[PDB]
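Asker: Have a look at this one.
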Amino acid sequence: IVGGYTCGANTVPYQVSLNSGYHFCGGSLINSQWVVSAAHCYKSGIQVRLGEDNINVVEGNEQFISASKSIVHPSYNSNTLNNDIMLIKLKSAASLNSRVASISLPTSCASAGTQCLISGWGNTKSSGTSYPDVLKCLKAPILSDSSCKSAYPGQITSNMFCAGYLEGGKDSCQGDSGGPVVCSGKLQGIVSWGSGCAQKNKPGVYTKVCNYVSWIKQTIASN
Ligand SMILES: [Ca+2]
């Protein structure tokens with residue numbers, strides 16, 4: 001996260017680190033047994049890490065749980081990142097507590113201007129690399145469809161939205177992928193892609209979760 005702030009330990013309790021020897025993507029807990037993340041985060045042998053703040057330090061509220069199964073969206077296109085969403089089922093159910101809490105799925109889409117909390121352990125530098133050890137947060141609005149598609153002509157689908165600031169300086173970044181975009185108490189977005197981080201006229205692109213709710217709920221119910 002570039003130009004965000006330290007969330008504070010466990011203030012985003014649905015936030016998950018996906019670990020395969022090291023943190024490589026964020027994810028969002030959606031019930032005790034299921035995490036949503038970006039399909040481009042797909043990797044064999046994920047351990048989901050819940051309750052994390054410092055990802056480098058055991059602070060005492062962690063649960064580490066192996067994935068039993070990943071289901072990438074049927075229509076996921078890795079070239080375009082269209083349908084950039086996947087479900088990861090936990091080998092055993094997370095123990096839900098104040099630090100490990102699921103986030104509601106949307107019952108409808110949010111509109112342009114709605115303020116969202118984006119969080120993650122990705123790069124905090126606009127040009128260079130510094131990765132934080134504690135979870136970073138950014139409040140950012142949903143951008144207009146038109147400003148989204150204007151920034152990335154020929155790349156934005158009805159399954160994607162932009163959030164952030166056209167002026168740049170504040171964005172999600174490498175390491176944040178898969179992570180939550182929460183607006184008004186719902187998971188509206190997943191950290192998907194972008195052109196660099198926090199650049200002018202290059203806001204973050206997010207998987208539009210509200211298009212996927214029936215898919216998630218059917219899939220979870222059948223798995
Ligand atoms: Ca930790």
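Order determines the names: the first chain of the structure tokens is A, the second B, and so forth; residues in each chain are numbered 1 upward, and ligands are numbered 1 upward as they are shown.
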How close does each residue of chain A get to ligand 1, giving the shortest atom pair and distance in Å to one decimal for every residue with an atom at most 8 Å away, counting only C-alpha atoms and all ligand atoms, sorted by chain and residue number, as a Markdown table?
Answerer:
```
| residue | atom | partner | partner_atom_place_in_ligand_line | distance |
| --- | --- | --- | --- | --- |
| A:51 | CA | ligand 1 | 1 (Ca) | 7.4 |
| A:52 | CA | ligand 1 | 1 (Ca) | 4.6 |
| A:53 | CA | ligand 1 | 1 (Ca) | 5.2 |
| A:54 | CA | ligand 1 | 1 (Ca) | 4.5 |
| A:55 | CA | ligand 1 | 1 (Ca) | 4.3 |
| A:56 | CA | ligand 1 | 1 (Ca) | 5.6 |
| A:57 | CA | ligand 1 | 1 (Ca) | 4.3 |
| A:58 | CA | ligand 1 | 1 (Ca) | 4.1 |
| A:59 | CA | ligand 1 | 1 (Ca) | 5.2 |
| A:60 | CA | ligand 1 | 1 (Ca) | 7.2 |
| A:61 | CA | ligand 1 | 1 (Ca) | 7.5 |
| A:62 | CA | ligand 1 | 1 (Ca) | 6.2 |
```
Asker: With DSSP run on the backbone, what are the strand (DSSP E or B) residues within segment 90-185 of chain A? I'd like them as a ChimeraX atom specification.
Answerer: /A:90,97,100,104,115-120,136-142,160-163,171,180-183
Asker: For residue 30 of chain A, find every residue with an atom within 12 Å (counting only C-alpha atoms), except residues of its own chain fewer than 6 positions away, and show them as a ChimeraX atom specification.
Answerer: /A:13-16,36-37,50,87-90,93-94,96,100-106,180,182,186-187,209,213,216-217,220
Asker: Taking N, CA and C atoms for each residue, export the selection above as a compact mmCIF listing (two decimals), in the first residue's frame.
Answerer:
```txt
# COMPACT_ATOMS: atom_id res chain seq x y z
N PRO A 13 -9.84 -7.64 10.72
CA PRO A 13 -9.68 -9.05 11.10
C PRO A 13 -10.03 -10.08 10.02
N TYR A 14 -10.63 -9.65 8.90
CA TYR A 14 -10.89 -10.50 7.74
C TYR A 14 -9.70 -10.59 6.84
N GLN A 15 -8.71 -9.72 7.07
CA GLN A 15 -7.49 -9.73 6.25
C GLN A 15 -6.61 -10.94 6.53
N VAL A 16 -6.20 -11.59 5.45
CA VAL A 16 -5.48 -12.86 5.44
C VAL A 16 -4.21 -12.58 4.57
N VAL A 36 -11.66 -15.51 0.01
CA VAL A 36 -11.59 -14.98 -1.34
C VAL A 36 -10.27 -14.25 -1.63
N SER A 37 -9.72 -14.50 -2.80
CA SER A 37 -8.48 -13.85 -3.19
C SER A 37 -8.52 -13.63 -4.70
N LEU A 50 -4.12 -16.21 9.33
CA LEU A 50 -5.17 -15.32 9.83
C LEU A 50 -4.67 -14.69 11.10
N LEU A 87 -11.54 -18.81 -4.77
CA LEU A 87 -11.93 -19.23 -3.42
C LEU A 87 -10.93 -20.20 -2.93
N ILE A 88 -10.56 -20.11 -1.66
CA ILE A 88 -9.58 -21.03 -1.10
C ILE A 88 -10.31 -21.59 0.10
N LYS A 89 -10.41 -22.93 0.20
CA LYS A 89 -11.00 -23.54 1.35
C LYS A 89 -9.91 -23.94 2.32
N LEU A 90 -10.15 -23.66 3.60
CA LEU A 90 -9.25 -24.00 4.71
C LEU A 90 -9.38 -25.47 5.11
N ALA A 93 -11.52 -25.32 9.96
CA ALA A 93 -12.27 -24.06 10.01
C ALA A 93 -11.46 -23.12 10.93
N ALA A 94 -11.30 -21.87 10.51
CA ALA A 94 -10.69 -20.85 11.38
C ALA A 94 -11.51 -20.69 12.64
N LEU A 96 -13.11 -18.34 14.89
CA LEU A 96 -13.55 -16.96 14.72
C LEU A 96 -13.48 -16.29 16.03
N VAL A 100 -9.99 -12.54 14.08
CA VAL A 100 -10.11 -13.44 12.90
C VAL A 100 -11.62 -13.48 12.67
N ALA A 101 -12.10 -12.66 11.72
CA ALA A 101 -13.51 -12.39 11.57
C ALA A 101 -13.75 -12.35 10.09
N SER A 102 -14.89 -12.87 9.64
CA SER A 102 -15.18 -12.86 8.22
C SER A 102 -15.78 -11.50 7.80
N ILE A 103 -15.73 -11.15 6.51
CA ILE A 103 -16.34 -9.90 6.00
C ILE A 103 -17.52 -10.32 5.15
N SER A 104 -18.64 -9.60 5.24
CA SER A 104 -19.83 -9.84 4.41
C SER A 104 -19.53 -9.60 2.98
N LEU A 105 -20.11 -10.48 2.17
CA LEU A 105 -20.20 -10.29 0.74
C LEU A 105 -21.25 -9.21 0.50
N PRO A 106 -21.11 -8.48 -0.62
CA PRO A 106 -22.12 -7.51 -0.99
C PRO A 106 -23.46 -8.17 -1.36
N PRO A 180 -8.35 -7.37 0.41
CA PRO A 180 -9.70 -6.81 0.41
C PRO A 180 -9.81 -5.32 -0.02
N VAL A 182 -12.95 -3.13 1.02
CA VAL A 182 -14.22 -3.13 1.82
C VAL A 182 -14.90 -1.78 1.81
N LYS A 186 -18.91 -4.16 3.37
CA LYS A 186 -18.94 -5.30 2.45
C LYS A 186 -17.66 -5.44 1.67
N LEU A 187 -17.33 -6.68 1.31
CA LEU A 187 -16.23 -6.90 0.42
C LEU A 187 -16.63 -6.60 -1.00
N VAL A 209 -16.30 -7.71 -6.91
CA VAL A 209 -16.89 -8.80 -6.13
C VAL A 209 -18.41 -8.96 -6.25
N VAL A 213 -21.08 -12.84 -6.39
CA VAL A 213 -21.67 -13.32 -5.17
C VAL A 213 -22.43 -14.63 -5.37
N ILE A 216 -19.82 -17.28 -5.78
CA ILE A 216 -19.11 -17.65 -4.55
C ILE A 216 -19.98 -18.53 -3.66
N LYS A 217 -21.22 -18.09 -3.43
CA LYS A 217 -22.17 -18.75 -2.56
C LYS A 217 -22.52 -20.13 -3.13
N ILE A 220 -19.13 -22.34 -2.73
CA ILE A 220 -18.88 -22.64 -1.32
C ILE A 220 -19.86 -23.71 -0.84
```
Asker: Running DSSP on the backbone, which parts of chain A land in alpha helix (DSSP H), as a list in words?
Answerer: residues 145, 146, 147, 148, 149, 150, 151, 213, 214, 215, 216, 217, 218, 219, 220 and 221 of chain A
Asker: Select, from A:168, A:141, A:189, A:203, the residue with the minimum atom-to-atom distance to residue 38 of chain A, counting only C-alpha atoms.
Answerer: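 Smallest distance to residue 38 of chain A is found for A:189.
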Asker: Just to confirm, what's the straight-line distance from atom CA of residue 160 of chain A to atom CA of residue 193 of chain A in Å (one decimal)?
Answerer: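 Pair atom CA of residue 160 of chain A / atom CA of residue 193 of chain A returns 9.7 Å.
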Asker: May I have the residues within 8 Å of residue 124 of chain A as a list in words, using only C-alpha atoms and disregarding those fewer than 3 positions away in the same chain?
Answerer: residues 1, 2, 3, 4, 129, 130, 131, 132 and 173 of chain A
Asker: Could you please take those selected residues and save C-alpha atoms as a PDB file, in the first residue's frame?
Answerer:
```pdb
ATOM      1  CA  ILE A   1       0.000   0.000   0.000  1.00  0.00           C
ATOM      2  CA  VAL A   2       1.457   3.349  -1.076  1.00  0.00           C
ATOM      3  CA  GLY A   3       0.501   6.477   0.939  1.00  0.00           C
ATOM      4  CA  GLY A   4      -1.580   4.539   3.494  1.00  0.00           C
ATOM      5  CA  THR A 129      10.750  -1.211  -2.923  1.00  0.00           C
ATOM      6  CA  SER A 130       9.982  -1.226   0.783  1.00  0.00           C
ATOM      7  CA  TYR A 131       7.644  -3.867   2.097  1.00  0.00           C
ATOM      8  CA  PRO A 132       6.052  -3.207   5.491  1.00  0.00           C
ATOM      9  CA  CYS A 173       0.881  -2.157  -4.864  1.00  0.00           C
TER      10      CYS A 173
END
```
